[PDB]
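The next block holds one structure in the form of structure tokens; read it before the comments.
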Amino acid sequence: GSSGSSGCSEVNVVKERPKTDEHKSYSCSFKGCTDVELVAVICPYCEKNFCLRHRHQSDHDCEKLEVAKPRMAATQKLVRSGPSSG
Ligand SMILES: [Zn+2]
Ligand SMILES: [Zn+2]
């Protein structure tokens, strides 16, 4: 065979990063929730980010709200705890 062509240039570019489908997702600040959303729903009371499902105050158990927990700390003398002689 007999042929020939011209055309070539250098190039130095740092490998491209692993593009991420998502752009920005915020995690819920509720005790018992692992849902996120594109936007960041912040509470004008506790100033925390939550999910649309738990965006409401009481919904996410807003600490600011004037409503304490329906349950108190466990304060009971453990029973059946200790070395039993025989
Ligand atoms: Zn949530
Ligand atoms: Zn709140």
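Since every read-out is calculated from the coordinates, none of them should be taken as a lab result. For neighbour counting, all protein chains shown are included, and Cβ atoms are generated from backbone atoms with ideal geometry for every residue, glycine included.
With a/c under 1.5 counting as rounded, go ahead and sort the chain into rounded, prolate or oblate using the C-alpha gyration tensor (a ≥ b ≥ c being the square roots of the eigenvalues; past the cut-off, prolate if a/b is larger than b/c, else oblate).
Oblate, because a/c is 1.5 or more while a/b does not exceed b/c.
FRET efficiency for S25 and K48, Cβ-Cβ distance as r, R0 = 25 Å, nearest 0.05?
With a Förster radius of 25 Å, E is 0.95.
Which of the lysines could be linked to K24 by a straight reach, that is with a Cα gap under 29 Å, when you skip same-chain ones fewer than 8 residues away?
Cα-Cα hits under 29 Å: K15, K48, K64.
Modelling each spin label as a point 7 Å along the Cα-to-Cβ direction, I'd like the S3/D35 distance in nm, to one decimal.
A separation of 6.1 nm, rounded to one decimal place.
Once label points are set 7 Å from the Cα along Cα→Cβ at both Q76 and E16, what is their separation, rounded to one decimal in nm?
Between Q76 and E16, the simple spin-label model gives 6.2 nm.
How big is the dipole moment of the chain about its Cα centre under a simple scheme where the beta carbon of each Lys and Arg is +1, that of each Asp and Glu is -1, and everything else is neutral? Debye, nearest 20, please.
My answer is approximately 580 debye.
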